[PDB]
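Notes follow the structure.
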Amino acid sequence: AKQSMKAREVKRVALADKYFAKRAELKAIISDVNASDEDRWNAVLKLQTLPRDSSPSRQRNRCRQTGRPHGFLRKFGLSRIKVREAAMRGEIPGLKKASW
Amino acid sequence: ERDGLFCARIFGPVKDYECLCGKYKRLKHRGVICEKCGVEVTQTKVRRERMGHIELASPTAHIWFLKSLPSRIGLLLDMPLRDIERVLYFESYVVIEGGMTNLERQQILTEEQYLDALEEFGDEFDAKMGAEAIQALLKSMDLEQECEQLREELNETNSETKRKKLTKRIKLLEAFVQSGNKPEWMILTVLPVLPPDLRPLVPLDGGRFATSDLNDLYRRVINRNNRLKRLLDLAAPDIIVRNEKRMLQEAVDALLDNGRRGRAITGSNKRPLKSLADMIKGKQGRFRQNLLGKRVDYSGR
Amino acid sequence: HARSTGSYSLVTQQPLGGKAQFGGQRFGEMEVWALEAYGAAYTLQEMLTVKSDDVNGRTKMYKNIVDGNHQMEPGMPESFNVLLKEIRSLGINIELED
Amino acid sequence: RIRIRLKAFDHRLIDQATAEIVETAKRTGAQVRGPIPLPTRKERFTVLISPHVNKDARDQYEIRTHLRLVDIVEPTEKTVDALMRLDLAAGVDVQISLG
Amino acid sequence: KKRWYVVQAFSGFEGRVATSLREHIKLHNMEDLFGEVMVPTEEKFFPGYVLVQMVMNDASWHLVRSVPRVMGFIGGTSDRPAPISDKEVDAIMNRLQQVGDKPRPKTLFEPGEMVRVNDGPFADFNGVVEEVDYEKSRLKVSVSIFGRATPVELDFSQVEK
Ligand SMILES: [Zn+2]
């Protein structure tokens with residue numbers, strides 16, 4: 001991936017980190033069946049006001065080395081291609097070719 | 001003990017260049033202090049020069065400046081020794097800048113004198129007791145102002161006895177102004193503790209530790225100070241914290257110069273235990289036993 | 001009894017007392033007066049700083065004696081530092097000026 | 001009782017660790033329960049090995065996390081400092097739990 | 001009307017002082033001159049003082065000081081010793097357990113990473129606690145004292161801030 005994309009991702013992450021407490025609270029408020037209608041409405045509107053990049057469902061998991069969006073693995077934080085390389089080199093602990 | 005009298009972080013590591021607990025067993029990083037050890041990292045004689053301090057919950061006046069004959073606080077606050085001790089041992093109250101009432105500044109007050117005054121002058125009125133009150137008196141004692149007054153009093157009188165009584169009071173009043181000694185430094189607020197190496201804890205031949213007398217004195221002052229902090233947390237009533245602060249006052253006064261107060265405390269069995277001033281004074285203090293006369297190598301008999 | 005260099009006490013770094021404990025003879029107070037009464041000044045200085053108390057002074061002395069030097073680096077008695085810690089452990093502030 | 005959960009990727013290493021722990025236990029205290037082997041986690045992964053395209057081209061890796069359950073029935077005073085100076089070999093996550 | 005007073009005993013023999021005091025009351029049968037005898041206790045303040053509901057005659061004063069292992073009353077003077085208060089009894093009645101209440105049903109000592117374990121098998125040392133299970137009263141202190149450096153489920157009371 002590009003540098004720019006990576007930067008964007010980072011920014012998104014930062015935003016998420018920032019706005020988590022508020023956003024979560026808002027969500028809770030919206031959910032809460034034992035609450036006022038007007039309040040709920042306000043909460044809904046409030047959420048809209050907050051930045052979009054603040055959402056965690058905005059940020060894509062990219063490879064930590066290359067930034068490749070596809071072929072990702074969570075345990076390693078790496079795209080398949082890089083993961084394989086790591087494995088070959090001995091750089092991922094415990095990981096070896098499996099047969100059964 | 002971490003962190004007691006013989007601490008690690010407050011003083012130093014028992015072993016030379018070693019964390020007593022476990023890290024640094026070579027000569028590379030002399031100084032690092034991990035959270036698992038709460039220990040400095042220097043020499044074995046480093047603890048002999050380092051001293052600790054005990055945050056005394058309740059103020060305690062020094063015994064060397066209260067009972068020296070003549071007392072330093074006796075001829076400075078123009079108050080008889082008898083009356084000074086009464087208030088100091090929570091047995092008498094002392095006024096401090098009352099206000100628009102019919103009472104002096106040096107004049108003391110008793111339970112009956114305070115009770116009636118309490119219902120009388122309930123507003124602007126101050127009448128404390130103990131070292132705290134004494135400290136205030138000393139703290140709020142314009143040295144310079146007294147000088148002129150005393151000097152003018154000595155030049156406006158002919159009384160022989162008074163002249164000598166006034167010249168001995170003004171001599172210690174102008175001498176305090178000549179130096180950087182404050183009047184509120186007489187009362188001990190931050191009691192200092194002697195280095196462990198200087199109060200050594202060695203076992204004799206066997207399995208028990210023959211402990212020094214100063215460790216008994218410091219351990220009692222710290223036990224009482226912890227009790228007094230807990231009672232001021234719990235808001236105990238007046239008579240409980242008066243006995244608690246009085247026991248702390250007597251504990252500090254017994255640590256500094258034991259036996260100058262009424263009958264000296266004792267551990268084993270009836271013999272009194274030896275305090276700091278008894279490490280200085282006497283035929284077996286430091287002057288006459290280790291500094292004027294020393295034991296000597298390259299010698300025979 | 002005779003002693004060149006034996007064990008040293010713990011609280012004040014001076015030699016131990018007695019014969020069973022391998023100790024040195026007490027150079028008492030009246031002997032200090034009797035050396036003030038002559039003009040012997042270096043004899044008394046090594047008699048109460050080098051030979052007795054100062055630990056770095058006496059290790060410098062032992063190296064200098066086994067190398068033929070015959071010279072003392074004086075320093076301070078460590079028991080005077082013990083006097084400073086005992087007076088300082090009161091409310092008294094003793095120091096060393098300059 | 002002190003339950004001890006050893007976890008590692010290398011099995012030999014884990015075994016070595018376990019033995020060491022047992023040794024530590026047995027000198028100080030008494031009645032070590034024993035080194036009980038729990039099931040191994042074989043966390044598998046498939047990945048495409050081509051840079052671009054070839055889907056049948058694949059490598060199947062795995063990480064074998066081994067478990068060793070060591071238990072100590074009587075915790076004495078001394079037993080607590082048996083393994084204090086003896087930290088175990090690297091690449092072996094231990095997990096002691098009293099009661 | 002019987003007012004309260006404070007008695008000092010040899011600290012450590014306090015329950016035996018309280019029992020001997022009740023027995024001296026029922027010996028010298030001044031039953032109308034004593035109400036109760038309090039030694040309060042938390043899951044022990046006050047450390048060495050015995051509270052007595054009493055009146056003040058010199059006979060009852062000699063009675064309480066003739067009870068063995070009792071030093072004396074604590075007051076302004078020894079002629080007429082001092083009762084304590086009554087305005088601080090109303091607030092003490094509403095609350096009598098400030099050092100062991102359910103106000104904080106979780107953290108008893110700041111975990112953070114500076115605690116020492118001494119209760120139970122593991123004892124005397126210290127470790128860093130990352131996560132904690134206050135709800136189920138559990139701690140994940142990675143104390144490196146006993147063993148390598150793994151989190152050992154410890155008890156709040158077992159550990160010490
Ligand atoms: Zn260390």
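By convention in this document, the chains of the structure tokens carry letters A, B, ... by their order, each chain's residues are numbered from 1, and ligands are numbered from 1 in the order they are shown.
Environment of ligand 1, defined as every protein or nucleic acid residue with an atom within 9 Å of it and counting only C-alpha atoms and all ligand atoms, comprises residues 18, 19, 20, 21, 22, 23, 24, 31, 32, 33, 34, 35, 36, 37, 38, 39, 40 and 41 of chain B.
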Extract, using only C-alpha atoms, all DNA, RNA and protein residues at most 9 Å from residue 64 (chain A), discarding same-chain residues fewer than 3 positions from it, and format them as a VMD selection string. chain A and resid 61 67 to 68 76 to 79
Among chain C, which residues carry a DSSP assignment of helix (DSSP H, G or I), reported as JSON, numbers by chain? {"C": [29, 30, 31, 32, 33, 34, 35, 36, 37, 42, 43, 44, 45, 46, 47, 48, 49, 50, 55, 56, 57, 58, 59, 60, 61, 62, 63, 64, 65, 66, 78, 79, 80, 81, 82, 83, 84, 85, 86, 87, 88]}
Write to file, as a short mmCIF file (atom, residue, chain, number, x, y, z; two decimals), in the first residue's frame, the residues of the selection just made, with C-alpha atoms.
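Saved file part_6.cif follows:
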data_model
loop_
_atom_site.label_atom_id
_atom_site.label_comp_id
_atom_site.auth_asym_id
_atom_site.auth_seq_id
_atom_site.Cartn_x
_atom_site.Cartn_y
_atom_site.Cartn_z
CA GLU C 29 43.83 9.85 78.07
CA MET C 30 46.75 10.48 80.41
CA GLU C 31 49.15 9.18 77.76
CA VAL C 32 47.67 11.71 75.34
CA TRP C 33 48.43 14.35 77.99
CA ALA C 34 51.96 13.01 78.37
CA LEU C 35 52.57 13.32 74.63
CA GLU C 36 51.12 16.83 74.59
CA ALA C 37 53.56 17.55 77.39
CA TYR C 42 53.44 13.48 64.68
CA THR C 43 53.64 10.61 67.16
CA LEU C 44 50.30 11.60 68.62
CA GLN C 45 48.78 12.20 65.17
CA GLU C 46 49.56 8.70 64.02
CA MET C 47 48.73 7.42 67.50
CA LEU C 48 45.13 8.54 67.14
CA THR C 49 44.44 8.80 63.41
CA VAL C 50 46.53 6.30 61.44
CA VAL C 55 40.38 3.04 57.74
CA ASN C 56 41.61 4.48 54.43
CA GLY C 57 44.49 6.02 56.36
CA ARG C 58 45.55 2.68 57.78
CA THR C 59 45.30 0.80 54.48
CA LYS C 60 47.46 3.52 52.89
CA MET C 61 49.77 3.08 55.88
CA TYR C 62 50.04 -0.68 55.46
CA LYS C 63 50.87 -0.38 51.75
CA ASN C 64 53.41 2.35 52.56
CA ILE C 65 55.08 0.26 55.27
CA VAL C 66 55.42 -2.86 53.13
CA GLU C 78 35.80 7.74 61.85
CA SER C 79 34.68 7.90 65.47
CA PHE C 80 34.50 11.67 65.14
CA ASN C 81 32.00 11.07 62.34
CA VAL C 82 30.17 8.87 64.84
CA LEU C 83 30.16 11.85 67.22
CA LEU C 84 28.70 13.98 64.42
CA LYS C 85 25.97 11.43 63.79
CA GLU C 86 25.08 11.13 67.47
CA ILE C 87 24.94 14.89 68.04
CA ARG C 88 23.20 15.35 64.70
#
Chain A residues within 6 Å of chain D, counting only C-alpha atoms: which ones, as a PDB file with N, CA and C atoms, in the first residue's frame?
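The result, written out as out.pdb:
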ATOM      1  N   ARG A  80      -0.373 -12.368   4.488  1.00  0.00           N
ATOM      2  CA  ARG A  80      -0.012 -13.759   4.273  1.00  0.00           C
ATOM      3  C   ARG A  80       1.436 -13.887   3.768  1.00  0.00           C
ATOM      4  N   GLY A  94       7.565 -20.863  17.202  1.00  0.00           N
ATOM      5  CA  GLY A  94       6.667 -22.024  17.194  1.00  0.00           C
ATOM      6  C   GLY A  94       6.090 -22.448  15.853  1.00  0.00           C
ATOM      7  N   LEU A  95       6.089 -21.547  14.873  1.00  0.00           N
ATOM      8  CA  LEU A  95       5.434 -21.769  13.596  1.00  0.00           C
ATOM      9  C   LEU A  95       6.324 -22.599  12.700  1.00  0.00           C
ATOM     10  N   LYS A  96       5.809 -23.740  12.263  1.00  0.00           N
ATOM     11  CA  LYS A  96       6.470 -24.564  11.272  1.00  0.00           C
ATOM     12  C   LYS A  96       5.430 -25.204  10.368  1.00  0.00           C
ATOM     13  N   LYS A  97       5.884 -25.704   9.229  1.00  0.00           N
ATOM     14  CA  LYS A  97       4.990 -26.331   8.270  1.00  0.00           C
ATOM     15  C   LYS A  97       4.295 -27.532   8.895  1.00  0.00           C
ATOM     16  N   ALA A  98       2.984 -27.610   8.686  1.00  0.00           N
ATOM     17  CA  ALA A  98       2.129 -28.609   9.320  1.00  0.00           C
ATOM     18  C   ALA A  98       1.679 -29.656   8.309  1.00  0.00           C
TER      19      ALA A  98
END
Separating CA of residue 69 (chain A) from CA of residue 89 (chain A), to the nearest tenth of an Å, is a gap of 23.0 Å
List every residue of chain B that has an atom at most 9 Å from any atom of chain C, and for each one report the closest atom pair and its distance in Å to one decimal, counting only C-alpha atoms, with rows sorted by chain and then by increasing residue number, as JSON lines.
{"residue": "B:48", "atom": "CA", "partner": "C:82", "partner_atom": "CA", "distance": 8.3}
{"residue": "B:49", "atom": "CA", "partner": "C:85", "partner_atom": "CA", "distance": 7.3}
{"residue": "B:50", "atom": "CA", "partner": "C:85", "partner_atom": "CA", "distance": 8.9}
{"residue": "B:51", "atom": "CA", "partner": "C:89", "partner_atom": "CA", "distance": 7.8}
{"residue": "B:52", "atom": "CA", "partner": "C:89", "partner_atom": "CA", "distance": 8.9}
{"residue": "B:53", "atom": "CA", "partner": "C:89", "partner_atom": "CA", "distance": 8.9}
{"residue": "B:62", "atom": "CA", "partner": "C:91", "partner_atom": "CA", "distance": 7.5}
{"residue": "B:185", "atom": "CA", "partner": "C:91", "partner_atom": "CA", "distance": 8.1}
{"residue": "B:186", "atom": "CA", "partner": "C:91", "partner_atom": "CA", "distance": 7.9}
{"residue": "B:187", "atom": "CA", "partner": "C:91", "partner_atom": "CA", "distance": 8.6}
{"residue": "B:188", "atom": "CA", "partner": "C:91", "partner_atom": "CA", "distance": 6.8}
{"residue": "B:190", "atom": "CA", "partner": "C:91", "partner_atom": "CA", "distance": 8.7}
{"residue": "B:191", "atom": "CA", "partner": "C:91", "partner_atom": "CA", "distance": 7.2}
{"residue": "B:192", "atom": "CA", "partner": "C:89", "partner_atom": "CA", "distance": 5.0}
{"residue": "B:193", "atom": "CA", "partner": "C:89", "partner_atom": "CA", "distance": 5.5}
{"residue": "B:194", "atom": "CA", "partner": "C:89", "partner_atom": "CA", "distance": 5.2}
{"residue": "B:195", "atom": "CA", "partner": "C:85", "partner_atom": "CA", "distance": 7.4}
{"residue": "B:197", "atom": "CA", "partner": "C:11", "partner_atom": "CA", "distance": 6.3}
{"residue": "B:198", "atom": "CA", "partner": "C:11", "partner_atom": "CA", "distance": 5.3}
{"residue": "B:199", "atom": "CA", "partner": "C:11", "partner_atom": "CA", "distance": 7.3}
{"residue": "B:200", "atom": "CA", "partner": "C:11", "partner_atom": "CA", "distance": 6.6}
{"residue": "B:256", "atom": "CA", "partner": "C:90", "partner_atom": "CA", "distance": 6.6}
{"residue": "B:276", "atom": "CA", "partner": "C:86", "partner_atom": "CA", "distance": 6.6}
{"residue": "B:277", "atom": "CA", "partner": "C:87", "partner_atom": "CA", "distance": 8.3}
{"residue": "B:279", "atom": "CA", "partner": "C:86", "partner_atom": "CA", "distance": 7.7}
{"residue": "B:280", "atom": "CA", "partner": "C:86", "partner_atom": "CA", "distance": 7.6}
{"residue": "B:286", "atom": "CA", "partner": "C:83", "partner_atom": "CA", "distance": 6.7}
{"residue": "B:287", "atom": "CA", "partner": "C:83", "partner_atom": "CA", "distance": 8.4}
{"residue": "B:288", "atom": "CA", "partner": "C:29", "partner_atom": "CA", "distance": 7.6}
{"residue": "B:289", "atom": "CA", "partner": "C:28", "partner_atom": "CA", "distance": 8.4}
{"residue": "B:290", "atom": "CA", "partner": "C:79", "partner_atom": "CA", "distance": 7.0}
{"residue": "B:291", "atom": "CA", "partner": "C:79", "partner_atom": "CA", "distance": 7.0}
{"residue": "B:292", "atom": "CA", "partner": "C:29", "partner_atom": "CA", "distance": 5.7}
{"residue": "B:293", "atom": "CA", "partner": "C:28", "partner_atom": "CA", "distance": 4.3}
{"residue": "B:294", "atom": "CA", "partner": "C:27", "partner_atom": "CA", "distance": 5.6}
{"residue": "B:295", "atom": "CA", "partner": "C:26", "partner_atom": "CA", "distance": 4.2}
{"residue": "B:296", "atom": "CA", "partner": "C:52", "partner_atom": "CA", "distance": 5.0}
{"residue": "B:297", "atom": "CA", "partner": "C:24", "partner_atom": "CA", "distance": 5.1}
{"residue": "B:298", "atom": "CA", "partner": "C:4", "partner_atom": "CA", "distance": 4.4}
{"residue": "B:299", "atom": "CA", "partner": "C:24", "partner_atom": "CA", "distance": 5.5}
{"residue": "B:300", "atom": "CA", "partner": "C:2", "partner_atom": "CA", "distance": 4.2}
{"residue": "B:301", "atom": "CA", "partner": "C:1", "partner_atom": "CA", "distance": 5.4}
Serialized selection, C-alpha atoms, as a compact mmCIF listing (two decimals), in the first residue's frame:
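Output file out.txt follows:
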# COMPACT_ATOMS: atom_id res chain seq x y z
CA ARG B 48 26.79 4.52 58.65
CA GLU B 49 26.63 8.07 57.30
CA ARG B 50 22.99 8.00 56.14
CA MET B 51 20.31 8.93 58.71
CA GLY B 52 16.52 8.66 58.76
CA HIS B 53 13.80 10.96 60.06
CA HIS B 62 13.33 19.15 73.22
CA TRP B 185 13.38 25.17 66.30
CA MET B 186 13.28 24.25 69.98
CA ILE B 187 10.29 21.97 69.47
CA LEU B 188 11.05 18.76 67.60
CA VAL B 190 11.01 16.08 62.33
CA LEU B 191 12.85 13.79 64.76
CA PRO B 192 16.12 12.45 63.28
CA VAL B 193 17.23 8.83 63.65
CA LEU B 194 20.82 7.69 64.07
CA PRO B 195 22.35 5.48 61.33
CA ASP B 197 25.58 1.07 61.58
CA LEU B 198 25.91 3.33 64.60
CA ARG B 199 23.15 1.40 66.42
CA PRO B 200 24.41 -2.04 65.46
CA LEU B 256 16.85 12.01 73.58
CA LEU B 276 21.66 9.25 72.86
CA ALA B 277 22.72 11.80 75.46
CA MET B 279 26.06 7.93 74.36
CA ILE B 280 27.62 11.42 74.58
CA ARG B 286 32.39 9.39 73.02
CA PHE B 287 34.71 12.10 74.29
CA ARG B 288 36.32 10.37 77.26
CA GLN B 289 36.20 6.84 75.85
CA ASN B 290 36.73 6.97 72.07
CA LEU B 291 38.04 10.39 71.06
CA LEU B 292 40.44 11.42 73.82
CA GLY B 293 41.53 7.85 74.50
CA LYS B 294 41.58 5.21 71.77
CA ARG B 295 42.59 1.60 71.49
CA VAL B 296 45.71 1.27 69.44
CA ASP B 297 47.29 -1.17 66.97
CA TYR B 298 51.00 -2.02 66.98
CA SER B 299 50.90 -2.22 70.75
CA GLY B 300 51.76 -4.80 73.35
CA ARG B 301 51.73 -5.49 77.05
Tell me the residues of chain D close to chain E, meaning within 10 Å using only C-alpha atoms, as an mmCIF file with N, CA, C and O atoms, in the first residue's frame.
data_model
loop_
_atom_site.group_PDB
_atom_site.id
_atom_site.type_symbol
_atom_site.label_atom_id
_atom_site.label_comp_id
_atom_site.auth_asym_id
_atom_site.auth_seq_id
_atom_site.Cartn_x
_atom_site.Cartn_y
_atom_site.Cartn_z
ATOM 1 N N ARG D 1 -3.902 -25.498 47.573
ATOM 2 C CA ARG D 1 -2.837 -26.145 46.728
ATOM 3 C C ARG D 1 -2.395 -25.214 45.587
ATOM 4 O O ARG D 1 -3.229 -24.493 45.023
ATOM 5 N N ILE D 2 -1.094 -25.217 45.269
ATOM 6 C CA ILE D 2 -0.555 -24.407 44.157
ATOM 7 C C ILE D 2 -0.650 -25.191 42.846
ATOM 8 O O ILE D 2 0.068 -26.166 42.657
ATOM 9 N N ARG D 3 -1.542 -24.751 41.958
ATOM 10 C CA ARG D 3 -1.589 -25.243 40.580
ATOM 11 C C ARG D 3 -0.638 -24.403 39.742
ATOM 12 O O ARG D 3 -0.610 -23.170 39.870
ATOM 13 N N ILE D 4 0.131 -25.074 38.883
ATOM 14 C CA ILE D 4 1.113 -24.427 38.015
ATOM 15 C C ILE D 4 0.856 -24.840 36.575
ATOM 16 O O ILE D 4 0.900 -26.031 36.244
ATOM 17 N N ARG D 5 0.605 -23.844 35.727
ATOM 18 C CA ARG D 5 0.316 -24.052 34.316
ATOM 19 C C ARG D 5 1.495 -23.592 33.460
ATOM 20 O O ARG D 5 1.674 -22.393 33.222
ATOM 21 N N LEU D 6 2.298 -24.554 33.012
ATOM 22 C CA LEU D 6 3.396 -24.288 32.084
ATOM 23 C C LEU D 6 2.852 -24.302 30.660
ATOM 24 O O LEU D 6 2.124 -25.226 30.285
ATOM 25 N N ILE D 21 11.017 -27.367 37.873
ATOM 26 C CA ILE D 21 10.002 -26.894 38.824
ATOM 27 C C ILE D 21 9.773 -27.953 39.900
ATOM 28 O O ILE D 21 9.713 -27.610 41.095
ATOM 29 N N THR D 24 12.619 -28.075 42.294
ATOM 30 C CA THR D 24 12.515 -26.903 43.171
ATOM 31 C C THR D 24 11.536 -27.179 44.308
ATOM 32 O O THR D 24 11.823 -26.902 45.484
ATOM 33 N N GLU D 74 1.028 -29.258 49.448
ATOM 34 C CA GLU D 74 1.363 -28.554 50.697
ATOM 35 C C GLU D 74 2.279 -27.351 50.425
ATOM 36 O O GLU D 74 3.474 -27.540 50.180
ATOM 37 N N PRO D 75 1.727 -26.118 50.457
ATOM 38 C CA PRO D 75 2.593 -24.936 50.406
ATOM 39 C C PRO D 75 3.196 -24.619 51.776
ATOM 40 O O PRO D 75 2.474 -24.214 52.694
ATOM 41 N N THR D 76 4.507 -24.828 51.912
ATOM 42 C CA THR D 76 5.244 -24.503 53.135
ATOM 43 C C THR D 76 5.748 -23.060 53.062
ATOM 44 O O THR D 76 5.481 -22.348 52.087
ATOM 45 N N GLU D 77 6.458 -22.622 54.102
ATOM 46 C CA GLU D 77 7.139 -21.324 54.097
ATOM 47 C C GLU D 77 8.233 -21.304 53.029
ATOM 48 O O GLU D 77 8.224 -20.448 52.146
ATOM 49 N N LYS D 78 9.143 -22.277 53.115
ATOM 50 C CA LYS D 78 10.338 -22.343 52.258
ATOM 51 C C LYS D 78 10.043 -22.526 50.768
ATOM 52 O O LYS D 78 10.723 -21.942 49.925
ATOM 53 N N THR D 79 9.014 -23.327 50.471
ATOM 54 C CA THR D 79 8.549 -23.677 49.101
ATOM 55 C C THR D 79 8.315 -22.408 48.270
ATOM 56 O O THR D 79 8.572 -22.455 47.052
ATOM 57 N N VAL D 80 7.837 -21.327 48.900
ATOM 58 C CA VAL D 80 7.545 -20.009 48.257
ATOM 59 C C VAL D 80 8.826 -19.383 47.688
ATOM 60 O O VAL D 80 8.720 -18.665 46.673
ATOM 61 N N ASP D 81 9.986 -19.633 48.307
ATOM 62 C CA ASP D 81 11.294 -19.067 47.873
ATOM 63 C C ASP D 81 12.167 -20.148 47.217
ATOM 64 O O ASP D 81 13.380 -19.900 47.067
ATOM 65 N N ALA D 82 11.583 -21.286 46.823
ATOM 66 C CA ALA D 82 12.291 -22.411 46.170
ATOM 67 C C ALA D 82 12.628 -22.034 44.723
ATOM 68 O O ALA D 82 13.754 -22.336 44.280
ATOM 69 N N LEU D 83 11.655 -21.347 44.076
ATOM 70 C CA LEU D 83 11.636 -20.866 42.654
ATOM 71 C C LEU D 83 11.765 -19.359 42.558
ATOM 72 O O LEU D 83 11.432 -18.795 41.498
ATOM 73 N N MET D 84 12.231 -18.745 43.628
ATOM 74 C CA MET D 84 12.348 -17.262 43.699
ATOM 75 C C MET D 84 13.633 -16.860 42.970
ATOM 76 O O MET D 84 13.577 -15.961 42.107
ATOM 77 N N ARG D 85 14.741 -17.519 43.322
ATOM 78 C CA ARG D 85 16.088 -17.316 42.731
ATOM 79 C C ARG D 85 16.209 -18.100 41.416
ATOM 80 O O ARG D 85 17.137 -17.795 40.643
ATOM 81 N N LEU D 86 15.318 -19.070 41.170
ATOM 82 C CA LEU D 86 15.335 -19.926 39.956
ATOM 83 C C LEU D 86 14.182 -19.572 39.008
ATOM 84 O O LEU D 86 13.152 -20.275 39.051
ATOM 85 N N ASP D 87 14.350 -18.527 38.185
ATOM 86 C CA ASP D 87 13.384 -18.140 37.118
ATOM 87 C C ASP D 87 13.536 -19.214 36.035
ATOM 88 O O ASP D 87 14.685 -19.666 35.836
ATOM 89 N N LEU D 88 12.487 -19.596 35.298
ATOM 90 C CA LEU D 88 12.648 -20.731 34.384
ATOM 91 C C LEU D 88 13.213 -20.252 33.049
ATOM 92 O O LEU D 88 13.370 -19.046 32.831
ATOM 93 N N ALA D 89 13.529 -21.203 32.167
ATOM 94 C CA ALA D 89 14.081 -20.903 30.845
ATOM 95 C C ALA D 89 13.120 -20.075 29.991
ATOM 96 O O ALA D 89 11.898 -20.172 30.142
ATOM 97 N N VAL D 92 8.957 -20.094 27.924
ATOM 98 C CA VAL D 92 8.061 -20.944 28.715
ATOM 99 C C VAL D 92 7.267 -20.062 29.678
ATOM 100 O O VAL D 92 7.775 -19.664 30.727
ATOM 101 N N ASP D 93 6.027 -19.765 29.306
ATOM 102 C CA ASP D 93 5.121 -18.982 30.144
ATOM 103 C C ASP D 93 4.580 -19.866 31.263
ATOM 104 O O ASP D 93 3.805 -20.788 31.006
ATOM 105 N N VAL D 94 4.957 -19.611 32.527
ATOM 106 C CA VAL D 94 4.451 -20.381 33.703
ATOM 107 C C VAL D 94 3.225 -19.649 34.261
ATOM 108 O O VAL D 94 3.113 -18.429 34.030
ATOM 109 N N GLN D 95 2.360 -20.304 35.034
ATOM 110 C CA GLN D 95 1.194 -19.602 35.636
ATOM 111 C C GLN D 95 0.816 -20.299 36.951
ATOM 112 O O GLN D 95 -0.039 -21.207 36.921
ATOM 113 N N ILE D 96 1.470 -19.918 38.057
ATOM 114 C CA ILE D 96 1.209 -20.457 39.424
ATOM 115 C C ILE D 96 -0.110 -19.856 39.920
ATOM 116 O O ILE D 96 -0.393 -18.697 39.561
ATOM 117 N N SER D 97 -0.882 -20.611 40.708
ATOM 118 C CA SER D 97 -2.196 -20.187 41.259
ATOM 119 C C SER D 97 -2.496 -20.975 42.544
ATOM 120 O O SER D 97 -2.891 -22.149 42.414
ATOM 121 N N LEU D 98 -2.344 -20.350 43.728
ATOM 122 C CA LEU D 98 -2.615 -20.927 45.075
ATOM 123 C C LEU D 98 -4.125 -20.978 45.339
ATOM 124 O O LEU D 98 -4.710 -19.889 45.510
ATOM 125 N N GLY D 99 -4.747 -22.166 45.377
ATOM 126 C CA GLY D 99 -6.175 -22.263 45.685
ATOM 127 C C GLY D 99 -7.047 -21.888 44.501
ATOM 128 O O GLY D 99 -6.745 -22.231 43.360
#
Please identify every residue of chain B that has at least one atom no more than 12 Å from any atom of chain E, counting only C-alpha atoms, and report them as a PyMOL selection string. chain B and resi 1-3+21-22+34-38+86-87+89-93+110-115+223-224+226-228+230-231+233-244+246
Atoms to include: C-alpha atoms. Write the selected residues as a JSON list (two decimals), in the first residue's frame.
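In the end it all went to out-v6.json:
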[["chain", "number", "residue", "atom", "x", "y", "z"],
["B", 1, "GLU", "CA", 12.10, -4.87, 57.11],
["B", 2, "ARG", "CA", 10.61, -3.02, 54.10],
["B", 3, "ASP", "CA", 10.02, -0.45, 55.08],
["B", 21, "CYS", "CA", 16.74, -8.93, 47.25],
["B", 22, "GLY", "CA", 18.12, -9.85, 43.72],
["B", 34, "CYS", "CA", 13.95, -2.03, 40.69],
["B", 35, "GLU", "CA", 10.40, -2.17, 42.09],
["B", 36, "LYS", "CA", 10.93, -5.77, 43.36],
["B", 37, "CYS", "CA", 13.74, -4.54, 45.70],
["B", 38, "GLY", "CA", 13.08, -0.87, 46.70],
["B", 86, "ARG", "CA", 2.40, 21.31, 83.35],
["B", 87, "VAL", "CA", 1.21, 22.51, 79.95],
["B", 89, "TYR", "CA", 2.38, 17.16, 79.79],
["B", 90, "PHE", "CA", -1.16, 17.92, 78.94],
["B", 91, "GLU", "CA", -1.98, 19.14, 82.45],
["B", 92, "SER", "CA", -2.44, 22.86, 81.81],
["B", 93, "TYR", "CA", -3.64, 25.17, 79.05],
["B", 110, "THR", "CA", -6.63, 25.23, 84.05],
["B", 111, "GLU", "CA", -9.62, 23.00, 83.34],
["B", 112, "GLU", "CA", -11.87, 25.21, 85.46],
["B", 113, "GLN", "CA", -10.25, 28.38, 84.10],
["B", 114, "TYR", "CA", -10.82, 27.18, 80.53],
["B", 115, "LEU", "CA", -14.32, 25.76, 81.02],
["B", 223, "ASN", "CA", 4.91, 2.60, 67.59],
["B", 224, "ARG", "CA", 3.40, 5.56, 69.43],
["B", 226, "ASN", "CA", 1.70, 5.26, 64.29],
["B", 227, "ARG", "CA", -0.93, 4.98, 67.03],
["B", 228, "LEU", "CA", -1.32, 8.74, 67.15],
["B", 230, "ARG", "CA", -4.39, 6.32, 63.48],
["B", 231, "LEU", "CA", -6.27, 8.04, 66.30],
["B", 233, "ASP", "CA", -7.59, 9.45, 61.49],
["B", 234, "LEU", "CA", -10.41, 7.94, 63.57],
["B", 235, "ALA", "CA", -11.31, 11.19, 65.41],
["B", 236, "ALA", "CA", -10.94, 9.85, 68.92],
["B", 237, "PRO", "CA", -12.12, 12.17, 71.74],
["B", 238, "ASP", "CA", -10.01, 14.74, 73.52],
["B", 239, "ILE", "CA", -8.68, 12.76, 76.49],
["B", 240, "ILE", "CA", -7.56, 9.84, 74.31],
["B", 241, "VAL", "CA", -5.46, 12.00, 72.00],
["B", 242, "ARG", "CA", -4.13, 13.99, 74.95],
["B", 243, "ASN", "CA", -2.85, 10.79, 76.53],
["B", 244, "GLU", "CA", -1.58, 9.66, 73.14],
["B", 246, "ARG", "CA", 1.58, 12.87, 76.06]]
